[PDB]
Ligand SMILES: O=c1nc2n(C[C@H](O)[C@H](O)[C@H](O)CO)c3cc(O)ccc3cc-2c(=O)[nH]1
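One chain is shown next in structure tokens, namely the form deposited without this ligand.
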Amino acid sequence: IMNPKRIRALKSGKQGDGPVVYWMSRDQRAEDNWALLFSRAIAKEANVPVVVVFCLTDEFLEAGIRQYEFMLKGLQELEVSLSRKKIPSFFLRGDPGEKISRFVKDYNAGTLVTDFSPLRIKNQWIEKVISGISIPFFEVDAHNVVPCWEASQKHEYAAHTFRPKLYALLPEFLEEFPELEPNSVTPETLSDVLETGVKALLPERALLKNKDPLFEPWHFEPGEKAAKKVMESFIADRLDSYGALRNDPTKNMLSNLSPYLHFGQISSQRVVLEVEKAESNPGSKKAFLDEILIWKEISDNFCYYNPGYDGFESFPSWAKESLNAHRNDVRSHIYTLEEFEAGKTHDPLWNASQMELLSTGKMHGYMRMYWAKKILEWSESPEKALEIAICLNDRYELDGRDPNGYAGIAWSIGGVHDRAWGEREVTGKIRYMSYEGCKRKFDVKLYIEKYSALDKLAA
């Protein structure tokens, strides 16, 4: 039995007599899954089978092959891991509000379970689902270490107000995962799906002049197994010097975990457990935990309590006041979406970062902050900057379309979870970042040098 405040009753009803169906969505993995572990639990009590259903919405069209290969290949692996433990996996195509409801009837599901996501479109779908089912319907936070609706009931103004809260709750929720018990009872194509999708997304590929792709797909092998190794090599090779090199992009000293945590291919709670027991720097473990605990989960807190998380209106009062005061200011440059996208600005280090984004699908965490603040400076308005920053983040980051994306863009452009700094023209009081500031931190000429000879080779 697991901690019962990880569950929240979406719909009450009378328990069916069919199997218990887990509607996977955020947490695409079989280990370390409070949503899967809970569903198994209530099917063993009901003495019924547990099964997984996954829905494949048209959303893969609003991004690239890169994200879809990465996630489809992952699911190809999960489906096998699940049938190992005797748990069937069903793959729906279409709109959840309709297809999940149909499945719930067509298999005679006795209880519905899902994982937790704060993006508006899950609440939309869930709310259709509730309407068309009669069975009970459960939702489990399987993504955060502390259930979002439990760490805080309000928008948290800053990391230092969240932090005493989150940490006062870890002795309760930071625990080991039990074993996923195979099915005892035995209930009664993703190859085409992955081909069909790439023939669709192929006319939109990001190509170089010579028509081979920009994207390089060997930096991150998708899937649960590949993720475990990225966690272990992190703990053994990179964790010890994270604190002191987090900010250098010429070093590859990050965890590189974010494509995995986004597709739920690995549990942040598992990471935390392995980091905690590891014996590296106390400084570095502090650095690291605060990014995967405080910053990650306050990003869910943000989107969960501010339905306008991808818009201007969600900036803090002072932020908007300041930015409106400077809408009339003359911008040093202005660039269009296309120009940013193609890395055609005056700033070679900015374009360098953009080139890291296009070719690899994961931009360095420090360069990300620089990236968005310089979009605000050379956009024609704050709204356009947001719109540009979201469109390029979500289109090219393997970890895009994610609460961290919005809560990081908002931190960057609109000062959300941050404070006021010295007033500038165009960018108001938003924390400024400078090219020369980057030079006191790392060897910009190497970072630039790495992605040079790719703007020329692309168009």
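Numbers for residues come from their place in the sequence shown, where the first is 1.
Although not depicted, the form solved in complex with this ligand is the subject of the following passage.
Figure note: of the listed segments 130-138, 258-266, 342-350, 145-153, the one touching this ligand in the entry with it bound, with heavy atoms no more than 4.5 Å away, is 258-266.
In summary, among the residues 42, 420, 55, 65, the only one with a non-hydrogen atom within 4.5 Å of this ligand in the entry with it bound is 55.
Among the residues 323, 303, 71, 109, the one placing a heavy atom within 4.5 Å of this ligand in the entry with it bound is 71.
When this ligand is considered in the entry with it bound, residue 400 lines it closely, a heavy atom lying within 4.5 Å. In the entry with it bound, at least one heavy atom of residue 115 sits within 4.5 Å of a heavy atom of this ligand.
Contact check for residue 125: a non-hydrogen atom falls within 4.5 Å of this ligand in the entry with it bound. Though the partner is left out of this view, residue 20 does not reach within 4.5 Å of this ligand in the entry with it bound, counting heavy atoms only.
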